[PDB]
Structure formats: C-alpha cells, structure tokens
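Encoded as structure tokens, the structure appears first; notes follow it.
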Amino acid sequence: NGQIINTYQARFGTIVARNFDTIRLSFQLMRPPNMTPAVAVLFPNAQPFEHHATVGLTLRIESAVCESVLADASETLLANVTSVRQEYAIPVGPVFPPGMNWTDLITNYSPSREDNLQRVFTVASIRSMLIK
Amino acid sequence: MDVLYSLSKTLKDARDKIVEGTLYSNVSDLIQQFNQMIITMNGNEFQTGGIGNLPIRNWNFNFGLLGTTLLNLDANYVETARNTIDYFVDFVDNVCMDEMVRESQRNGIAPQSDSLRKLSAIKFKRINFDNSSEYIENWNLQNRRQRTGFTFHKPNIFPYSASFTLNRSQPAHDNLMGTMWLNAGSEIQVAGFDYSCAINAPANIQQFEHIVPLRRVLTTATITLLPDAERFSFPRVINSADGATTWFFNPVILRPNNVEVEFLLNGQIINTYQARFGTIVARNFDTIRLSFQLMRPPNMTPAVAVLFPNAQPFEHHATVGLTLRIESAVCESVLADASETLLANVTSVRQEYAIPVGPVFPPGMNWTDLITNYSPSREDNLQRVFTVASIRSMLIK
Amino acid sequence: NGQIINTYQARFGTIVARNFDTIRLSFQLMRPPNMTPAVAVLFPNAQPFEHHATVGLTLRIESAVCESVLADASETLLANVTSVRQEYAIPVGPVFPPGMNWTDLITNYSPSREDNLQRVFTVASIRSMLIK
Amino acid sequence: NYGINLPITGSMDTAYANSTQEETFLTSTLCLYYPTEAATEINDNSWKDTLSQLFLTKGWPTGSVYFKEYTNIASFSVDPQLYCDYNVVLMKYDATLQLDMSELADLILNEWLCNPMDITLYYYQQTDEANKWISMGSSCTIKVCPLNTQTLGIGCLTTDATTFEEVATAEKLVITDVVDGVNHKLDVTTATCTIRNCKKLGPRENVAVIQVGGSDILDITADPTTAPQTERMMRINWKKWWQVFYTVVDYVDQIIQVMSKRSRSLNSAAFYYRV
Amino acid sequence: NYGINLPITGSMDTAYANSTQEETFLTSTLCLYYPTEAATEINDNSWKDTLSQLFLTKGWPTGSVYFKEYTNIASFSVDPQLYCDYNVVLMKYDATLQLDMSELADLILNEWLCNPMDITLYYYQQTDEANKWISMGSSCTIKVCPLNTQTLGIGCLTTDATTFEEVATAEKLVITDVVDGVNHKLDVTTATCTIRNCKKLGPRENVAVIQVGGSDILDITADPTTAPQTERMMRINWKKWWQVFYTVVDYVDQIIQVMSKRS
Amino acid sequence: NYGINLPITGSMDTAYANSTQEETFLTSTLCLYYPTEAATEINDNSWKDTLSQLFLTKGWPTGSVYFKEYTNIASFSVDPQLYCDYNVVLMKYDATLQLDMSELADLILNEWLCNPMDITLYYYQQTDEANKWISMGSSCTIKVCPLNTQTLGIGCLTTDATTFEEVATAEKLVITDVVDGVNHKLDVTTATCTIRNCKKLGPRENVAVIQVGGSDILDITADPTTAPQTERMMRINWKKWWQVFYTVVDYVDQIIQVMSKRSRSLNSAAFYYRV
Ligand SMILES: CC(=O)N[C@@H]1[C@@H](O)[C@H](O)[C@@H](CO)O[C@H]1O
Ligand SMILES: CC(=O)N[C@@H]1[C@@H](O)[C@H](O)[C@@H](CO)O[C@H]1O
Ligand SMILES: [Ca+2]
Ligand SMILES: [Ca+2]
Ligand SMILES: [Ca+2]
Ligand SMILES: [Ca+2]
Ligand SMILES: [Ca+2]
Ligand SMILES: [Ca+2]
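Those protein sequence lines, which keep their order, are chains M, N, C, n, m and c.
For what it's worth, the entry's author numbering labels the leading residue of the first sequence as 266, then goes sequentially.
For what it's worth, the entry's author numbering labels the leading residue of the second sequence as 1, then goes sequentially.
For what it's worth, the entry's author numbering labels the leading residue of the third sequence as 266, then goes sequentially.
For what it's worth, the entry's author numbering labels the leading residue of the fourth sequence as 52, then goes sequentially.
For what it's worth, the entry's author numbering labels the leading residue of the fifth sequence as 52, then goes sequentially.
For what it's worth, the entry's author numbering labels the leading residue of the sixth sequence as 52, then goes sequentially.
See below:
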C-alpha cells in the first residue's frame with residue numbers, strides 16, 4: 266500500500282520478503298573513471314558508438330505463501346482442469362478465458378474468477394486421491 | 001519441547017476430526033487425548049513475551065471436559081469445543097514466537113523462554129502424543145546419539161561468491177590467463193580463459209582447475225553437469241583486483257576438453273567421472289574438485305584461423321567453462337532450500353518485532369554470513385529454532 | 266570463534282588458557298639503537314649481510330581438558346589399538362588411515378572418525394584391566 | 052618476492068577508485084618529437100614558451116613537457132633514444148619512403164631484446180618468428196649466403212662475395228626476415244654499420260605515433276597475412292602546422308588514455324629485463 | 052519523432068509490417084551531384100532525359116529526380132545548400148586536396164547549430180569539445196592569439212596584428228579547432244569571409260558521399276584518436292564517368308537503405 | 052605484478068629437482084672483455100677460433116661465446132656497455148691506477164638510478180649515503196663549493212671559480228661523494244663531461260671481475276669501514292697470457308656457479324635513466 270516493508274542495498278544471494286504486493290527495482294550505471302587501453306577504445310566521445318553499455322539484474326521467487334489459489338511448478342491441479350475441458354469439447358462459458366489461458370486469467374484476476382477457480386481446484390484435488 | 005509438539009498435534013487433529021455430523025467412533029480416541037490435555041493444564045499459569053516489541057501476555061487455564069456420550073456429533077458439541085481450541089491455539093503461537101526469538105551461546109539446544117522451561121517438568125509429560133513429523137523425529141534420534149538425516153531440494157550449501165584469479169597478468173591487461181566463477185545457492189559456474197589460445201603452451205594444451213570445499217558433508221546427491229558456463233560468455237569490462245583500473249574480456253568459446261569431476265572425503269576420492277555429462281550421483285562427499293583443459297584445434301577453416309594469430313593483438317579471447325547443479329541431497333545438519341519456508345518464518349518474526357542483535361546469529365539473519373562461519377554453536381541454535389518454526393506451521397500458516 | 270578470551274603481553278613462564286581453539290602469536294624485531302664496536306660490524310648498511318637477525322618464541326602445552334578423545338604422553342590406548350591391527354594383518358577399511366597414522370587422523374578429524382575412535386579407545390580401556 | 056610469478060585473486064564487487072587522471076598530469080613527464088621543418092613554418096622562438104602556457108591549462112606543470120626535434124625520418128632512425136615517460140612523435144608522410152616509415156614503427160611501438168653478432172667467426176640462423184636481425188648505422192649494406200647441411204652455399208660461393216644475395220644497401224635501419232631454420236653467412240659492411248639479432252617480447256606501451264597526412268599504410272608484423280592497426284597509431288590531415296599543434300594540446304587526455312606506463316620501467320619488473 | 056522526454060513503450064512479438072520501400076519511392080525526391088567535367092566527357096545534351104527513363108524502372112515517378120552540378124570541391128564548399136529529401140554527392144579524388152575533402156564531408160554529413168561572431172568587439176573562447184569555428188566566403192585568412200587571465204597576449208601583441216599566429220590563408224571553407232577554455236582575440240578578413248560559432252550535433256541522414264578515385268581519406272572527427280568509417284562514407288573505382296552513373300541507377304535500393312529522410 | 056606482496060609458503064622435506072647446468076649453457080650466452088695487450092703477445096689470426104672450440108667441451112654451443120676488446124681501464128670507462136648474458140672482465144693490475152680499478156668495479160658490479168643534472172642553473176645536495184654524483188666523458192674537472200643556509204659560500208666565493216676547490220682532474224670516470232646536508236655549487240667542464248646524480252641499488256649479477264696480477268685494492272663501497280670481498284672479485288697471477296685464457300676455459304663451471312644470471316637488463320647500459 267505504498268509503504269516500504271523491506272529494503273536491501275547491494276545485497277545479493279538469498280533474501281526474504283515478509284509481506285508485499287509490489288517489487289521496485291532500482292539500479293544505476295556509472296562510467297568507470299580509470300580504463301586500460303583495451304577498454305578506452307570502446308567508449309569514445311563522438312557519435313559512432315559500436316559497443317553499447319548494459320546493466321541488468323535477475324530476480325526469482327523460490328517459494329511463497331499466498332491466500333488465493335494460484336498455479337506453481339510442483340502440483341498439477343491446473344493440468345487436471347484443462348485436460349477435462351479439452352477432452353470433452355466444452356464450449357466457452359461466461360467466466361473463464363477461452364482454453365483456460367493462464368496468462369489471460371492472472372491478468373484480469375477478478376473476485377468473480379477467484380471464487381470459481383477455488384471451487385474447481387478443490388474438486389480437482391478430491392479426484393486426485395482416487396484417480397491419478 | 002516434546003510436549004510442545006504434542007500440544008500442536010492434537011489441536012490440529014481436533015479441528016480436523018471434530019466436525020459436525022461425524023460418527024462418534026471416528027473420534028473416540030482423540031477425545032480421550034483432548035480431555036487428558038485439559039486435566040494436566042488446569043490450575044497452571046504462564047507468561048510469554050517481553051523482548052523487543054513482543055508484548056507481555058498472561059495465560060490461565062480453567063476449562064471443562066468434553067462430553068463422551070453422543071452417537072453422532074451435533075452443532076452444540078462442535079461449537080462448545082471450538083471456543084476451547086481457539087484459546088489453546090493462541091497460547092501455542094505466543095510460546096513458539098517467544099522461542100524463535102531467543103538464543104544462547106553456552107548450550108543452545110536447551111529451552112530459552114520462560115514458558116518452555118516450565119513445560120519441561122515431569123508433571124507435563126503425560127500430554128505426550130505421537131512424534132511423526134520429520135523435525136521432531138530427528139530431534140529425538142539426535143538426542144540419543146543416533147544417525148539422522150534431512151532431505152532437501154536444491155539446498156543452499158554454497159555461500160554467495162563471485163570473483164576471479166589471474167595466473168598471468170601485466171598492467172596493460174591484454175594477455176591474461178585464469179578462471180572465473182560464481183558460487184551461489186546450489187550451483188557452480190566456473191569458466192577458464194586464455195588470451196593466446198595456447199600458442200606457446202607445451203603440446204598446445206592449457207590446464208585449469210577449480211576446487212570448492214563444503215561446510216557440511218552431503219550424502220546421496222543428484223547432480224546435473226553441463227559443458228558450458230552461460231554467464232561468462234558475453235563481452236564485459238571487469239575491474240582490477242584492488243579496484244584501481246578496469247580490463248576488457250571478449251570471449252569466444254571452445255568445448256571443454258578432458259573433463260574430470262572428483263568427489264572427495266577427507267582427501268580420499270569417493271567418486272570420479274571422466275567426460276560424462278548429464279545426471280550423475282555422489283554418494284558421500286564434502287569437497288568438489290573440477291578439472292578441465294583447453295586445447296588449441298589443430299585444423300581450422302579460414303574463418304576460424306583469422307581469430308587466433310601468432311602475434312600480440314588478441315581481439316578474440318578463448319574461453320572454456322562448465323556448469324554444475326545439485327538437484328537434491330541428504331544432509332545431517334539443518335540447512336535452507338527451495339521447497340520449505342522455515343528460514344522465512346524465523347526472520348519474519350525477528351523483523352516484525354524489532355529484535356536487537358544477539359550474541360550468536362548474524363545481524364538480519366544473513367544466510368551468506370551464517371553458512372560462511374557455520375560453527376557448532378550456531379548449529380545447535382539453528383536446529384532449535386527451525387524445529388519450533390515447524391511446530392508453529394501446523395497451526396498457523 | 267574470533268573472540269579474544271585471554272591475552273598476555275610480555276609475560277613469560279607459566280600461563281593459563283581457560284577456553285580456546287586458536288592460538289595467535291605476535292612478536293616483532295627491533296634494531297638496537299646503541300651498539301658497541303663488536304656489534305656494529307655485524308649489521309652494515311650495504312648489501313652483503315653475513316649475519317642474519319633472528320627472533321623466536323617457544324610454546325608448550327603441559328596439560329589440558331578436551332571433550333573428544335585424543336592421544337597423549339601418559340596412557341597407551343593408541344598403542345593398544347595399532348598393535349592389534351598390525352599383528353593380525355588387517356586390511357585397510359573405509360574410515361581410518363592406512364597404518365593408523367595419527368598425523369593423517371588429526372589432520373582430517375571428521376565427526377565420522379570421532380565416533381569410531383571413541384568406540385575403539387573405550388574397548389581398549391576395558392581390555393587393559395584384565396590383560397596388560 | 053621479486054621473480055616468482057604468484058597469482059592474484061580479486062573479487063567482482065570492489066568499488067571503483069577515484070578519477071586519477073589529474074594526478075598523472077602532476078607527476079609524469081611528456082616529450083614531443085617534431086621534424087625540424089616545423090619551426091621553419093612557425094617563424095617564432097617563443098613558441099616553446101607559448102605552448103608551455105597552453106599545457107598548463109590542461110593540468111601539466113611548467114617543467115614537465117619537453118620538446119625534442121629531428122631532421123627527417125632517415126636521420127631520426129639512426130638511433131631513436133626515447134627517454135621521458137610519455138612519448139609522442141608525429142612523422143610526415145612520404146609516398147616513396149613507404150617501407151622506411153613502417154620499419155621505424157616496428158622498433159618504437161614494440162620492445163626488442165638484443166644479443167650481439169660476430170659475422171667473421173660464426174654462421175647464423177633464425178629460430179622462430181620472433182627472431183629478426185636489426186642493423187642500424189650510417190650506411191648498412193647486408194648480403195646473405197644460405198648454406199645447406201654440408202656447409203656449401205645454395206646459389207652462392209662462400210669465397211666470392213659478389214655471388215651473395217642482397218637484401219639492403221645504404222640505409223639507416225634494416226629489419227631482415229630470412230627463412231627460419233637455415234644456417235647463413237653474412238657480408239655486412241661493419242665499418243659504418245652494426246648488426247645484432249633481436250627477438251620481440253611485446254608492445255612498448257608508453258609511446259604513440261601520429262602520422263601527419265597521407266593514406267593509411269603501416270605494417271608492424273612482417274607477416275603477409277597480418278597487418279594490425281593498434282590504438283597507438285593515429286593519422287591526421289594537415290594544411291598548416293599550427294592547427295596540428297592546437298589539436299595535440301587540446302586532446303592530451305585522449306592521447307594518454309590509450310597509452311600506459313612502460314611495464315619495464317616499474318620496480319615490479321625487477322628481474323624481468325628491467326627498463 | 053525524436054524525443055528525449057516522453058518515453059515510448061512498445062512490445063515484442065508484434066508482426067513485422069509490409070515492405071514500405073515502394074511507398075517511399077512514390078512520395079520522395081532524389082538529387083544527384085556531379086562535377087562539371089563529368090558532363091563534358093559524356094557530351095550529350097539529353098543525358099538528363101535518358102537517366103530519368105532508367106530511374107522510372109526502379110519505381111521513382113516521373114517528377115522526382117533532379118540533377119545539379121558544381122565546378123570543383125573548392126567552389127562547391129562556399130555554401131552547400133542541400134534541401135531535397137535524399138541527397139548523394141560524387142567527389143572526385145585529388146591527392147593534394149586531401150585536407151579539403153575531409154572538411155567538406157564534416158560540413159555535409161553532420162548537423163551544426165551556428166551562432167554569429169563579432170571579431171571587432173568581442174573576445175571568443177571555445178567551451179565544449181564539440182565547439183568549432185566554421186568560416187566561409189571567398190578568401191579567409193584567420194589569425195589567432197591566445198590570452199592569459201590579465202587580458203594580455205601569450206605569444207603575440209594584442210595591438211600588432213603582424214605578430215599573430217595564423218591558421219588559414221585564403222581558403223573557401225575552414226574548420227578551426229583551438230584549445231578549450233582560453234579566450235582569444237581574432238583577426239580575419241571580414242570583407243570576403245564570414246566566421247561563425249557552430250556546434251556539432253548528430254549526423255545528417257539525408258546526405259551521402261561517394262568518393263570517386265583513390266583511397267579512404269576521411270577523419271571527420273577532431274581528435275587524432277578516432278577516424279571512423281560510417282554506413283554511408285563509401286567509395287568506387289572509375290575509368291569512364293558514363294559507367295559510374297549506371298551503378299548509381301542500378302543499386303538504388305542499397306543507397307536509399309543506408310540513409311533516412313528529413314522528417 | 053599483483054603477486055609481489057603475497058607470501059609464498061614452501062616446505063621442508065621435499066624432493067630436489069635435478070640439474071640445471073646443461074640447459075643454462077644451451078640457451079644463454081657469454082662474452083669476456085680483455086685488453087689489447089692480450090692479443091698482442093698471442094698474435095694469432097684464429098685464436099678466437101681455437102678458444103671457441105674449447106668452450107664447446109664445457110657445454111657451450113658455437114654461437115654463444117663472443118669476444119670484445121678495450122685499450123685500457125681509462126678508455127674502457129667512456130661508456131660501460133654490458134652486451135651479453137654473462138660478463139667477465141679481465142683487468143691487469145697497475146700499481147698507479149689504483150682508484151681507477153676501484154671506480155670501474157663500483158659501476159659495473161652494482162645498479163644505479165641516474166637522473167639528469169643542470170649545474171649552471173641550480174644548486175644540488177646529496178640525500179643519504181646512497182646518493183652519489185657520477186660524471187663520465189672525455190675529460191672533466193669538477194670544482195665544488197659547499198654553500199650555507201643563506202646561500203653564501205663557506206671558504207669560497209659564489210661568483211669566483213678560482214676559490215672553488217677541486218675533487219677531480221682530467222679523469223674518465225669520477226664518483227664524487229660530498230657531505231650530506233648542505234647544498235653545493237658546481238663547476239664542471241660540460242663540453243667534455245656529463246655529470247648526473249645516481250642512487251646505488253642492489254648489486255648486478257651479470258658480471259664478475261678477474262684481477263690479472265697484484266693484490267686486492269677494492270673499496271667498492273664509499274665508507275672506509277666496509278671494504279667487502281664478495282665472490283665475484285677474483286684474482287690470479289700471470290707470466291704468459293695463454294695460461295690466463297686456459298684457466299678461464301677450464302674453470303667455467305666454478306665461475307658460472309657464482310655468476311647467477313637473470314639480473315640482465317633490457318638495455319646494455321650500466322645504469323637506469325629516468326627523466
Ligand atoms: C567521487 C567521490 O565521492 N569520491 C571521493 C571524491 O569526492 C574526493 O574528491 C576524493 C579525494 O581524494 O576521494 C574520493 O573517495
Ligand atoms: C505486396 C505485399 O507485400 N503484400 C502484402 C500482404 O502480405 C499483406 O497481407 C497485405 C495487407 O497488409 O498488404 C500487401 O501489400
Ligand atoms: Ca648468385
Ligand atoms: Ca624468419
Ligand atoms: Ca607570435
Ligand atoms: Ca577545441
Ligand atoms: Ca677556497
Ligand atoms: Ca654523501
């Protein structure tokens with residue numbers, strides 16, 4: 266809600282995040298003040314720039330605890346729902362995207378879609394006990 | 001400690017098995033446990049909290065037993081039991097947060113909070129229930145000196161490290177040789193380079209080596225080995241060793257020749273693999289020793305032969321790398337990994353209540369600083385706090 | 266663990282050490298400012314140095330209390346273990362060094378070797394009551 | 052540990068140091084090399100006094116920058132002795148002295164290590180690609196006579212000197228490449244010449260070459276498949292030679308950014324053929 | 052347009068649009084430049100007719116190709132007014148004019164923001180590395196003296212104009228680089244010349260230079276370090292001028308490709 | 052560099068490597084210095100041939116042994132040039148030229164740090180024991196006045212060069228050491244001499260000295276206290292020159308045991324020049 270819960274300054278590796286809903290990355294490029302002759306040819310003062318500078322980061326969430334249902338890399342509850350709808354040629358209804366597209370479903374993840382998605386993942390979890 | 005797990009096991013089962021409409025014979029043995037909790041706990045009084053911003057609460061138990069006379073449970077029997085469970089489950093939260101926040105240096109395996117020292121009397125031992133979880137089973141096997149084991153998925157065994165080593169250098173930085181590496185999490189990416197591409201080496205072969213020692217002994221690991229370091233493959237500029245100047249590294253990449261991976265234990269070779277990529281195993285080791293070499297190709301097409309001259313201006317630098325990754329292994333001490341969230345529950349309690357830095361753990365519970373100097377005094381504290389965090393996760397997610 | 270438990274500054278003779286696992290010796294050489302003519306010939310300003318300066322110390326542990334088993338100069342529990350293995354021509358197993366080399370065993374003194382070494386010194390102590 | 056070659060291990064997270072390009076201007080020295088027909092066109096004596104005020108704006112002190120001159124490329128190449136820290140000599144293009152300019156830059160831009168030669172006693176051969184024969188003097192006329200495995204000439208008699216092959220006559224500097232691995236016999240007129248064999252170690256870092264006018268010709272590597280253009284090779288086009296001098300005073304940071312100190316000058320290179 | 056403010060997001064995996072090169076031909080112009088003697092060897096009267104029939108084959112309409120000429124590099128560089136949509140020039144290589152061909156291509160290929168200069172009244176310094184002085188006219192003779200802090204000349208006399216230090220004698224186009232930070236007194240021939248205070252920007256993309264003759268002689272920078280060769284500093288070899296025009300008419304789709312519009 | 056300041060950790064009880072004597076003789080080179088009076092009594096045409104066949108017995112190949120001449124000790128010290136990898140110099144004893152033998156061995160057996168000097172403009176002082184003033188040329192006469200705290204001469208006149216006192220008179224090589232603290236005003240005939248200050252570094256390990264006759268006269272230090280005798284200041288006796296060259300060719304192995312190469316510089320000069 267616009268309040269800084271956690272912050273980390275030049276600290277790489279594994280970090281934690283206790284409660285958040287917005288990630289704000291900030292980083293800057295600095296020209297190196299001292300350069301060997303092999304480096305100084307790359308960055309002239311004039312216009313033809315043949316070697317372009319680049320600065321990047323990489324973030325990755327390993328495991329987290331949410332309150333609504335989602336999809337992940339361990340359990341197959343999303344795959345059981347779509348495989349039933351694809352097998353029996355089910356028409357497109359009023360709620361879910363055509364073909365159960367997860368990119369289209371998490372983009373507009375309305376509270377009307379959340380109540381349907383929990384009701385169907387829970388039934389898919391009951392069926393997985395008897396029939397794999 | 002054993003009776004703190006036994007309180008949480010039969011409060012988890014009481015919210016699951018005591019439901020409306022169920023048959024009485026399904027819950028006929030849980031109620032004999034739940035009534036015998038209450039008889040032991042009545043008349044006592046407790047006190048939790050006091051450190052940091054964790055507030056002080058007083059606990060007092062005066063409850064009545066449950067009825068043992070119905071055939072099917074009704075909504076009177078459920079609603080009169082939920083207002084007893086909800087007082088105990090609030091008590092166990094504040095004992096588990098009182099213990100994850102404290103630490104000692106002499107004997108960290110002993111209980112530290114005031115409430116958990118009081119629960120370790122022989123009066124409270126009759127609350128003891130089955131001990132079937134992974135962390136409470138390894139708490140008991142290790143307390144009698146028997147062999148334990150924790151199973152991990154991608155364990156954080158390597159501290160973060162990104163550096164290099166120059167075996168041949170000059171202040172111009174145009175004819176270099178050495179290795180570069182990244183050790184982070186459970187993944188090693190080493191890459192060796194040579195600017196001259198072994199034009200003056202004996203038999204045109206340059207030998208590289210990279211040795212990684214571990215902190216604890218791993219057992220029965222599943223390791224993926226791939227013959228490219230994808231992180232050290234693009235042109236970049238790198239500072240010097242003392243931060244004085246910068247130097248340029250423009251790679252082209254050959255394949256690694258004559259790869260040998262060894263898995264050591266007290267200097268003894270347990271396993272070895274020679275030019276064998278894909279998935280490999282490692283039954284018992286505490287030191288990984290990678291070895292690989294660069295060989296100049298004896299036959300070159302005209303598009304390749306322009307890249308590697310005999311004289312001094314080398315504009316395309318040769319590079320040979322590897323990539324190692326531990327998928328799953330079995331250790332004996334506690335660690336962090338990518339599947340379970342026991343490290344995240346400990347730090348989130350300490351960050352929320354503004355807890356001062358104590359004598360044992362690093363400031364902010366930094367895992368890179370904690371696995372670097374992983375002393376036996378820190379191991380006894382870290383197991384005592386991950387086990388309490390595992391008990392709290394049954395009741396309160 | 267990197268914390269200074271005890272320290273002693275220019276104090277020779279017998280000293281105590283209540284709890285430690287790392288000894289850090291520090292000492293320095295100082296050129297004498299006043300020299301008789303027999304001394305001043307030894308240390309010139311130019312390059313040929315025929316008499317080299319030397320400063321040293323000597324430390325010796327008389328008695329201590331450890332928690333794991335070790336070897337010492339009073340009891341013969343290490344000598345009873347190796348004499349049984351050498352007499353009956355026992356092959357090299359997976360744990361102990363070849364020939365029960367104590368320099369190789371205290372160098373890599375793993376917790377797997379500590380549990381074996383206590384189990385064998387204790388049996389060697391039982392046998393010493395009956396048969397010397 | 053002066054002669055030992057120990058490795059170094061450095062991190063990839065160390066913060067950069069400060070700018071340092073304004074301390075080097077205080078301590079170090081600079082030398083300029085110009086042909087003697089520059090001061091003819093200038094028509095001044097105080098232009099050495101004038102330019103030293105203009106280097107003071109860019110950061111150099113009054114006693115750092117030194118000016119040296121020569122007559123032509125032929126007479127400068129008799130014995131180029133380059134003494135200051137940072138050396139910058141600009142030569143003039145000539146369409147007919149095309150090889151003689153590139154033989155000068157072979158000496159200056161690289162660093163050679165040289166052993167003496169005695170022609171009367173010994174027969175000579177070159178071992179690998181690095182061995183060249185560098186002869187310089189007032190007038191050098193070199194004649195070669197290759198020999199077989201029996202000490203007999205191939206196309207030359209070892210007694211008559213007119214049958215000898217000829218590679219140069221009357222120059223100030225000659226760098227000679229012959230077939231690596233064949234014993235030869237030499238006929239250098241050593242009254243005014245002095246030959247010694249040399250092998251190339253690496254580049255001489257502290258010196259740059261600014262070609263003045265003319266097209267792009269320069270061939271360091273006496274090798275047909277390789278003609279590299281390093282960063283310390285520069286060419287400008289001229290109409291007047293004031294504008295040449297205001298250009299080099301303006302861009303002193305870019306001239307010095309592309310050349311380092313001499314690696315043999317340091318106290319680090321103690322027993323690695325120092326200076 | 053171009054904008055240093057107002058960011059533009061866009062995306063990836065969007066479909067590539069169709070080849071709009073044909074619509075570029077229908078709504079643009081093209082202007083060739085040639086030295087005067089190139090029309091002399093051809094000695095046709097209607098050679099501008101026979102070329103416009105051949106540009107029509109490649110898709111250029113019948114009202115878009117214009118031919119203009121000049122006398123030499125010395126006379127073209129008094130005021131090059133280039134205002135078509137696309138422009139290419141044909142420079143004949145002279146060996147002694149090696150310094151004048153670099154000065155023209157500096158003026159043609161790059162943008163310049165210019166400002167006036169009053170030699171009589173003011174004293175001028177150069178602030179930026181990209182600050183240069185461009186003088187054009189019939190006969191420019193430029194004499195420069197530097198300055199100390201105390202408004203006194205360094206190697207000259209601020210009264211005597213003979214003791215100055217000249218950088219140009221009677222040239223149609225002079226680009227002057229002086230050390231930056233020092234003020235200067237100037238003395239130019241203002242009757243047949245006009246010196247100005249110009250400033251370099253990015254390149255001009257509606258112009259291109261085809262060198263016709265000897266080797267690459269193009270330091271269009273000011274420092275001795277860099278001497279680049281960009282996308283459109285190109286060069287051919289010639290024996291007949293009538294063969295040179297066939298190559299330009301044939302390969303329009305590559306010459307138009309390496310250059311952009313005015314916008 | 053970067054492995055300079057790091058320690059190296061060897062150990063005891065490791066196995067020795069094998070010999071190095073043969074591979075030292077193959078790649079490296081050797082060249083002795085002998086006076087003109089040697090070859091006069093010898094008066095052979097091909098005695099350089101006869102010796103080079105005898106070095107071949109002691110492991111040295113053909114093209115590794117070179118011979119150089121000099122007139123006397125005075126004429127040898129114009130420019131001390133050390134050409135090859137291992138140098139030996141042969142000095143006949145003179146009972147008169149006793150300093151000039153000791154001046155020669157000081158310059159050759161040590162390393163020096165030579166900065167230029169301008170005596171008609173400035174005032175110069177020495178810094179410590181290691182600072183010396185070394186002048187060499189055709190003939191020069193150094194005259195020095197001590198000076199004071201307010202720049203007034205002590206026992207001389209700053210404008211008069213007659214009241215100056217001399218420390219050398221027409222010598223080829225002079226090493227002048229004066230008192231430490233005070234400044235000095237100099238009078239050197241600069242037309243035939245070049246005086247510079249130089250700092251003594253550690254010794255040079257390319258070169259040994261053999262006295263042909265006499266006794267040792269060797270204070271190569273500047274203090275009177277130490278007159279050290281290292282193992283490269285050798286001395287023999289003579290009555291024929293053939294016995295002298297036979298002693299050197301036979302006992303190369305004892306001499307080469309002390310020589311200890313790879314202190315070779317990249318130039319051939321005896322010093323290191325800076326500005
Ligand atoms: C750029 C920066 O902030 N770093 C400082 C700089 O401001 C300061 O002028 C310099 C003095 O030597 O020391 C650097 O550490
Ligand atoms: C002439 C040509 O290239 N064909 C394209 C065609 O591929 C495209 O589908 C259509 C609609 O954009 O426009 C045409 O011009
Ligand atoms: Ca012939
Ligand atoms: Ca050759
Ligand atoms: Ca003037
Ligand atoms: Ca400027
Ligand atoms: Ca006097
Ligand atoms: Ca002194």
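The beta carbon of each residue, even a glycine, is placed where N, CA and C say it ideally should be.
Collapsing the DSSP output to three states places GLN262(c) in a strand. In chain order, the residues that have a beta carbon nearer than 6 Å to some heavy atom of ligand 4 are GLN177(n), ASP228(n), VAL229(n), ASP231(n).
Look at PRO254(n): its C-beta is under 8 Å from a C-beta on chain N. In the three-state DSSP reduction, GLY358(C) falls in the coil class, being neither helix nor strand. For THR276(n), the distance from the CB to the nearest heavy atom of ligand 3 is not below 7 Å. Here the C-alpha atom of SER115(m) lies approximately 9 Å from the C-alpha atom of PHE106(m). Per DSSP, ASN138(m) lies in no alpha helix (DSSP H); the unbroken beta strand (DSSP E) holding it starts and ends at 137–143. For secondary structure counted as the beta strand (DSSP E) over 3 or more consecutive residues, the stretch 199–275 of chain m holds these complete runs in sequence order: 216–227, 236–238, 244–254, 260–263.
The beta-bridge partner set that DSSP reports for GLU45(N) consists of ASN60(N). Taking 8 Å as the CB threshold, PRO213(N) stays off the interface with chain n. Sorted by chain position, residues whose beta-carbon lies closer than 6 Å to a non-hydrogen atom of ligand 5 are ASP95(n), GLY206(m), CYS207(m), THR214(m), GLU216(m).
For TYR53(m), the number of other beta carbons within 10 angstroms of its own is below 16, and it is reported as exposed. Taken in chain order, the complete beta strand (DSSP E) segments of 3 residues or longer contained in the stretch 147–182 of chain c are 161–163. Beta bridge pairing from DSSP links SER186(m) with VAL225(m), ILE246(m).
Secondary structure at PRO363(N): coil, using DSSP grouped into helix, strand and coil. By the Cβ-count criterion, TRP292(c) is buried, with 16 or more other Cβ atoms from all chains shown falling within 10 Å of its own Cβ.
When the Cα atoms are used, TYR273(N) and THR323(N) turn out to be separated by approximately 14 Å. The beta carbons of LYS250(m) and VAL129(m) sit no closer together than 8 Å. Boundaries of the beta strand (DSSP E) harbouring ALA184(N): 177–185, taken from the DSSP string.
When DSSP reads this structure, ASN271(N) sits in a beta bridge with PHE263(N). Between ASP194(N) and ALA318(N) a beta carbon distance of about 5 Å is seen, short of the 8 Å cut, so the two are scored as contacting. The beta-carbon distance between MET168(m) and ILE246(m), rounded to whole angstroms, is 5 Å. This is short enough to meet the 8 Å contact definition. Per DSSP, reduced to three states, the secondary structure at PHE76(m) is helical. Partner residues in a beta bridge of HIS316(N), as assigned by DSSP, do not exist. When only Cα atoms are considered, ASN284(N) and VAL330(N) end up about 10 Å apart.
Contact of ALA303(N) with chain c is not assigned, every C-beta pair being separated by 8 Å or more. Just so you know, the alpha carbons of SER186(n) and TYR137(c) end up roughly 23 Å apart. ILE136(N) and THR387(N) do touch by the CB rule: their CB atoms are close to 7 Å apart, below 8 Å. The beta-carbon distance between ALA311(M) and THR272(m), rounded to whole angstroms, is 5 Å. This is short enough to meet the 8 Å contact definition.
Set against 7 Å, the gap from the CB of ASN239(N) to the closest heavy atom of ligand 1 is not smaller.
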